[PDB]
Amino acid sequence: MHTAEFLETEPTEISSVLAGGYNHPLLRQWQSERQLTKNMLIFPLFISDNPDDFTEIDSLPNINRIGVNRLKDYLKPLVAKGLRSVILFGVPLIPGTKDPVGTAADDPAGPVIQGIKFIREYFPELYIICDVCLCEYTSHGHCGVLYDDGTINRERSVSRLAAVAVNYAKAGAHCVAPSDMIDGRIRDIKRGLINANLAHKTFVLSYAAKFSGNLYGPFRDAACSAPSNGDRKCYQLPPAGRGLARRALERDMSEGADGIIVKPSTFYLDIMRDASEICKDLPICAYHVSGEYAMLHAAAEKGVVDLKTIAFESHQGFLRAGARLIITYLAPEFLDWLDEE
Amino acid sequence: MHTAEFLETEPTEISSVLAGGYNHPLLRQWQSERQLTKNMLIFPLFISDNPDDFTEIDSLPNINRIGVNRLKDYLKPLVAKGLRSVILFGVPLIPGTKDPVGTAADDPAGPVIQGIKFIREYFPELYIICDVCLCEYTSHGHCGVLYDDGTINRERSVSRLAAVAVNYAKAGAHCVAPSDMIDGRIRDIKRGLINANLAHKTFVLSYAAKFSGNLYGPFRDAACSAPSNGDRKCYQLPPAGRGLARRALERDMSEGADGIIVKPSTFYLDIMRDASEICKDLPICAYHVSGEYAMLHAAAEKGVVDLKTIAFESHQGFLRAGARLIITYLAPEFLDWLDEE
Amino acid sequence: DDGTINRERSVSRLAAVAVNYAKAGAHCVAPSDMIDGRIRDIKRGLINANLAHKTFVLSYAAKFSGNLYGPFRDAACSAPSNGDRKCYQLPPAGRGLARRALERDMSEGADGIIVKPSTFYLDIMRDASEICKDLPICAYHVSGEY
Amino acid sequence: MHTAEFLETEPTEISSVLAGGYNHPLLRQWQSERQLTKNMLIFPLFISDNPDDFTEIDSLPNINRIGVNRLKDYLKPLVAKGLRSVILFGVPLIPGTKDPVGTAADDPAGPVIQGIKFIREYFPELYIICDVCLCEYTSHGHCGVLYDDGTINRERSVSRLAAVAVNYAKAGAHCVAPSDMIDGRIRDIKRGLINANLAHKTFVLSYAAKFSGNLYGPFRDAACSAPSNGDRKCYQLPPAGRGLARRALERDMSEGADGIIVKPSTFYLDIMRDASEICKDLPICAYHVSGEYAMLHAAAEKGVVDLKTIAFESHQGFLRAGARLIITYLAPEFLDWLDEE
Ligand SMILES: *C(C[NH3+])CCC(=O)O
Ligand SMILES: *C(C[NH3+])CCC(=O)O
Ligand SMILES: *C(C[NH3+])CCC(=O)O
Ligand SMILES: *C(C[NH3+])CCC(=O)O
Ligand SMILES: [Zn+2]
Ligand SMILES: [Zn+2]
Ligand SMILES: [Zn+2]
């Protein structure tokens with residue numbers, strides 16, 4: 001009948017034997033080129049012009065639109081658990097705010113700058129990052145200033161963005177993160193900070209490789225940033241554009257970025273590895289975007305994976321691929337989990 | 001009052017201007033270093049020893065355990081839509097099959113070899129890949145033969161695996177895909193095919209970088225491959241082990257792999273990029289595993305993403321990262337979609 | 001008999017000691033002898049003893065001779081008898097020899113490497129970070145440095 | 001009972017055998033990629049505006065603050081033992097010297113320029129290097145000119161530094177060594193030497209990688225350069241900043257450095273190796289700083305190490321790491337020791 005056949009084998013070659021390096025729990029930690037720590041985390045905040053706001057963004061599980069009067073009580077526990085950094089997005093809902101050139105983006109009475117002043121006053125040790133763009137402030141929902149045919153106007157757009165970024169830094173932001181993907185905007189932002197005598201204390205964290213695709217969903221609600229007039233494929237990178245992403249990384253580093261962000265993260269880990277070579281002397285940041293985070297939550301409550309397990313697997317994923325910073329909506333969860341681990 | 005500030009800007013530098021390369025639909029195709037085609041797809045089949053089986057694997061949406069009498073009617077439409085390759089997994093349910101050394105893995109009456117004979121007879125132009133391992137055939141559910149303390153026995157395990165692989169090739173498999181991750185098994189499998197005069201017609205497709213983690217869920221059901229006695233962390237690579245993965249890629253190529261598989265895929269795209277350098281002269285394959293595929297389905301029916309959109313985004317992801325082959329449960333969907341695209 | 005090291009018996013003896021520690025329950029062996037080829041034999045011994053799959057070989061692949069070992073010799077009563085350890089400890093200027101020793105021990109089965117001493121040899125750690133980029137690199141802060 | 005076990009061994013592999021290259025005293029010299037010679041040494045001098053000064057700097061064993069009338073008798077034996085180079089630091093103690101913009105840094109009556117004129121007259125074959133900075137000449141003790149909030153003013157600072165450096169070269173310095181670490185100062189210094197027709201005979205030796213930390217102690221006394229208003233962490237590099245150091249090396253070479261200094265030395269040898277690649281076509285200099293040198297002396301008189309032995313070990317360390325020049329307070333000792341060795 002049928003029995004187990006065993007082939008005649010040669011002595012073991014040393015070259016074959018990898019197992020001595022990962023047979024114990026502590027070893028699978030020795031095997032990581034970087035470990036996750038609390039100060040690596042950056043938590044997004046969506047700031048309302050309604051100062052009493054604390055509204056659920058139904059598309060973005062466990063995250064709300066908060067106003068300045070409710071921020072202190074929100075951030076206090078977070079800071080106590082070790083949160084070191086926030087990335088501000090403003091969501092101004094008061095009618096008549098939005099205009100073709102994003103005027104309210106750097107309105108001193110606006111949610112972002114008020115947010116910056118609040119946080120500097122009440123949490124002076126908190127590192128403040130501001131998203132720099134016009135899409136939450138424009139009428140058409142696009143990231144820049146447009147010509148009449150609805151295409152982006154590079155020159156006015158970047159001239160406007162430089163202004164907004166410097167104005168955030170003037171207000172007290174420690175770092176500006178331009179998310180517009182419009183050609184050459186980092187040069188102009190850097191030049192504006194230099195002219196304003198702020199380049200020596202403002203970190204330019206460029207979304208240098210921000211891709212177009214199906215993972216932005218939950219955010220647009222969180223920011224009411226739904227476009228008007230077509231899609232953002234003419235400046236967001238196309239998912240297959242590795243070459244364009246490599247050139248964008250090189251470009252933004254040349255134009256003054258102190259750091260770079262790759263967005264989305266899990267679906268673009270190879271681009272993070274690319275970045276780890278091109279921008280080896282710069283901090284690389286992963287942005288765990290709303291669709292990725294929401295995907296994890298859905299699969300979890302469907303029983304496909306465990307939330308905390310897949311959270312650690314994916315965020316360890318970022319560090320493996322070369323990131324040393326992480327923008328994530330699971331930051332509250334990790335400030336808890338990292339005490340145990 | 002507050003008006004839009006525009007900073008004084010310099011003339012545009014040519015170095016800044018990337019947009020001329022991706023302003024049109026056809027360009028975002030010109031920008032891909034590889035495009036998805038039908039012959040890149042590899043579809044898994046789970047073959048039952050019940051020849052009348054066509055049972056839903058509830059954890060793996062739209063995929064079933066099929067028996068040989070139902071295979072012809074299943075594969076016929078698939079081949080007609082262009083399917084060129086299958087990867088066989090056997091799921092023997094007849095009691096008393098499973099034994100400590102995986103005896104039934106290469107049982108000529110078993111689902112795999114019967115599957116191989118059926119497919120060679122009825123679909124002679126179909127390229128047949130067989131998963132090579134012992135976990136579906138053992139009592140303890142582990143991928144190899146174990147010592148008494150329950151650790152893996154490298155020597156007997158690899159001696160057994162070499163045998164199974166050669167026996168599949170003797171039966172008519174065109175390609176063997178060892179998924180065991182046990183040190184040096186590719187050398188012995190290659191040596192066995194050479195001794196059996198089959199090395200010249202058998203492709204060795206090594207799971208050279210197969211990682212441990214939370215994404216295997218739905219499969220274990222599909223294959224009834226749930227472990228017994230602890231976890232597979234002592235041979236599956238640990239999620240952070242980039243160094244170990246790089247060494248495993250080099251090793252399996254040195255030991256005779258004609259191609260390599262990275263598994264899982266989306267959560268490990270950086271490893272695919274790593275592989276694209278180390279194994280630049282070899283075909284690289286992505287395995288879209290049951291948990292990843294099930295995650296896409298869940299998020300989709302939750303409204304987070306669109307199924308076909310995120311399917312193309314992720315599978316384009318594999319090609320961008322350097323894969324030129326794709327094992328995926330969405331192969332039926334893509335044989336349809338690629339006609340349009 | 002002339003007091004030089006005997007490579008063959010030395011390494012045959014070391015392989016034995018290392019495997020015996022692993023047999024006793026050590027998770028990792030760290031050979032600090034710097035005698036040519038000892039990692040191959042230790043690896044081969046663990047393989048023959050069926051322990052290579054659970055024993056990490058952490059080689060002192062770049063251990064240098066010099067003035068920083070002082071306090072240890074007391075701690076271990078390891079003061080030499082018959083000359084110095086310059087014929088196997090690497091000479092402080094031997095960057096080339098250190099690079100070759102790193103490559104060699106990785107080829108012979110090290111799962112990890114140690115550079116010793118540490119602060120005075122940081123450039124060798126950087127060297128190691130390239131040669132042994134896929135392996136854990138360990139610094140030993142030795143008794144004289146501390 | 002317990003006897004010595006010897007395992008069965010294989011024949012020796014040639015690949016294992018390194019020992020044939022270092023079994024003799026002469027070989028451990030053949031093994032060095034560079035040997036220490038006398039002309040590699042650079043000796044610091046701290047020049048007093050009291051011309052009769054010869055005051056012990058208690059924190060810096062065996063080194064004094066000397067005035068011009070005592071310099072000839074000090075330098076004469078040194079030159080006779082082979083000293084080829086000095087690096088001048090001025091320590092002006094006459095009250096009312098120090099002012100917010102470092103006015104006295106290039107005072108023709110000041111210790112540095114007087115020192116330059118003395119040495120050119122009395123030791124015309126001596127190569128003169130001058131430290132270029134403002135910290136010994138300012139009221140606040142900082143290395144540059146500051147805005148009102150106490151941060152550094154890049155533009156005036158570098159405009160001032162360029163002036164000081166050119167003025168030293170005008171006085172007769174052969175080399176300028178800017179130690180300020182303020183962004184872009186090498187460009188302006190180079191441009192100033194070019195405009196003054198001195199770029200063709202003035203070596204720019206940039207402290208391109210000068211790190212912040214705990215090793216500067218003994219110097220601050222030697223130079224009375226103790227800060228006022230916080231710390232120098234906003235321009236000195238942070239100890240972990242390898243990326244910033246690599247970029248600073250590239251930058252200063254691009255801006256005109258003919259050579260670079262890494263400071264401190266022993267605790268930063270990996271940065272010297274980094275520099276040996278980035279600046280492979282430039283002389284690399286190690287600065288053995290006051291805290292490192294004082295640490296050697298303390299450990300020595302505590303019996304932990306032997307002074308001459310650890311001196312040769314560390315300074316050989318610099319050459320191994322890629323330096324070919326050494327600024328050190330042990331230069332008197334080595335001019336003696338190198339005759340024997
Ligand atoms: C990106 C804004 N710049 C964030 C999108 C998201 O969903 O997280
Ligand atoms: C891997 C079997 N070798 C497949 C796991 C899955 O879920 O697809
Ligand atoms: C090395 C023993 N292998 C340790 C020496 C010391 O002083 O730490
Ligand atoms: C550096 C002055 N640029 C010297 C500091 C020391 O202590 O040697
Ligand atoms: Zn935008
Ligand atoms: Zn298996
Ligand atoms: Zn200074």
Side-chain angles (χ1 to χ4, degrees), chain A residues 89-90 102 105 131-138 140-145 152 157 160-161 164 177-182 185 207 210 212 216 219-220 223-227 232 235-236 263, chain D residues 42-46 57 59-61 63 87-91 102 105 129-138 140-145 152 157 160-161 164 176-182 185 205-227 232 235-236 261-266 285-295 326-331:
Chain A
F89 299 84
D131 192 78
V132 168
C133 201
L134 305 180
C135 48
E136 275 155 292
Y137 301 105
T138 42
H140 37 89
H142 286 340
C143 288
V145 174
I152 305 265
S157 297
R160 185 73 194 108
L161 290 155
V164 174
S179 72
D180 63 290
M181 282 302 306
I182 299 160
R185 94 270 205 187
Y207 293 75
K210 177 187 137 154
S212 183
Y216 291 130
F219 171 79
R220 296 227 203 300
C224 307
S225 13
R232 333 246 208 90
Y235 40 105
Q236 287 181 160
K263 166 186 201 181
Chain D
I42 305 159
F43 193 41
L45 298 172
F46 298 78
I57 309 148
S59 79
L60 198 61
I63 296 301
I87 183 172
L88 304 182
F89 299 84
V91 201
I129 298 158
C130 295
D131 192 78
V132 168
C133 201
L134 305 180
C135 48
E136 275 155 292
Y137 301 105
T138 42
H140 37 89
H142 286 340
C143 288
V145 174
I152 305 265
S157 297
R160 185 73 194 108
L161 290 155
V164 174
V176 290
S179 72
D180 63 290
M181 282 302 306
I182 299 160
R185 94 270 205 187
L205 181 68
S206 174
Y207 293 75
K210 177 187 137 154
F211 291 82
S212 183
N214 207 221
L215 290 164
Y216 291 130
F219 171 79
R220 296 227 203 300
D221 302 349
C224 307
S225 13
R232 333 246 208 90
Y235 40 105
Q236 287 181 160
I261 296 162
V262 178
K263 166 186 201 181
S265 53
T266 294
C285 186
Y287 197 122
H288 197 224
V289 310
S290 56
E292 291 173 314
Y293 163 83
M295 168 181 302
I326 312 172
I327 301 170
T328 177
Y329 305 110
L330 295 158

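The analysis underlying the following values was restricted to heavy atoms, covering all of them including side chains, and did not include hydrogens, waters or symmetry mates. Chain letters run A, B, ... following the sequence lines, proteins first and then strands; every chain starts at 1. Counting convention: from 1, in listed order, for ligands and their atoms alike.
For the pair D/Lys263 and ligand 4, a heavy-atom separation below 4.0 Å is found. Residue D/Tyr287 places a heavy atom less than 4.0 Å from ligand 4.
Near D/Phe89, with a cut-off below 4.0 Å to any heavy atom, the atoms of ligand 4 are 2 (C), 3 (N). Those atoms of ligand 4 that come under 4.0 Å of a heavy atom in D/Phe219, given as number and element, are 2 (C), 4 (C), 5 (C), 6 (C), 7 (O). Those atoms of ligand 4 that come under 4.0 Å of a heavy atom in D/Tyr207, given as number and element, are 3 (N). Of all the atoms in ligand 4, the ones that sit under 4.0 Å from a non-hydrogen atom of D/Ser179 are 3 (N). For ligand 4 and D/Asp131, the ligand atoms under 4.0 Å from any heavy atom of the residue are 3 (N).
Nearest protein heavy-atom contact of atom 7 (O) of ligand 4 is D/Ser290 OG, 2.3 Å. The closest protein non-hydrogen atom to atom 8 (O) of ligand 4 is D/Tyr329 OH, 2.6 Å.
Checking side-chain atoms of D/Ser290 against main-chain N and O of D/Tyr216 turns up a donor-acceptor pair under 3.5 Å. Here the side chain of D/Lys263 pairs no donor or acceptor atom with the backbone of D/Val289 at under 3.5 angstrom.
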### Task
Could you give me the CA-CA distance, side-chain angles and deciding distance for D/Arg160 and D/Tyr137, then say whether side-chain contact (heavy atoms from CB on, under 4.5 Å) is met?
CA-CA 12 Å; D/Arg160 185 73 194 108; D/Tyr137 301 105; over 6 Å; no
### Task
Report the C-alpha separation of D/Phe46 and D/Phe219 in whole Å, then their side-chain angles, then the decisive distance to 0.1 Å, and conclude whether the ring pair (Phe, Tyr, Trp, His ring centres under 6.0 Å) test is met.
CA-CA 10 Å; D/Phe46 298 78; D/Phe219 171 79; 5.8 Å; yes
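Closest of all the heavy-atom pairs between A/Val145 and A/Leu134 is CG2-CD1, 3.9 Å. Across A/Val164 and A/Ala105, no two heavy atoms sit closer than the pair CG2-CB, 3.9 Å. Shown here for D/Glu136 and D/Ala223, the closest heavy-atom pair between the two residues is OE2-CB, 3.3 Å.
The only option from A/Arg185, A/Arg232, A/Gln236 that meets the side chain to side chain donor-acceptor pair (under 3.5 Å) definition with A/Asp180 turns out to be A/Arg185.
Atoms SG of D/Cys135 and SG of D/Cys133, as seen from the Zn ion (ligand 7), are separated by an angle of 110°, to the nearest 10°.
Residue contacts to the Zn ion (ligand 7): D/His142 brings no N, O or S atom closer than 2.8 Å.
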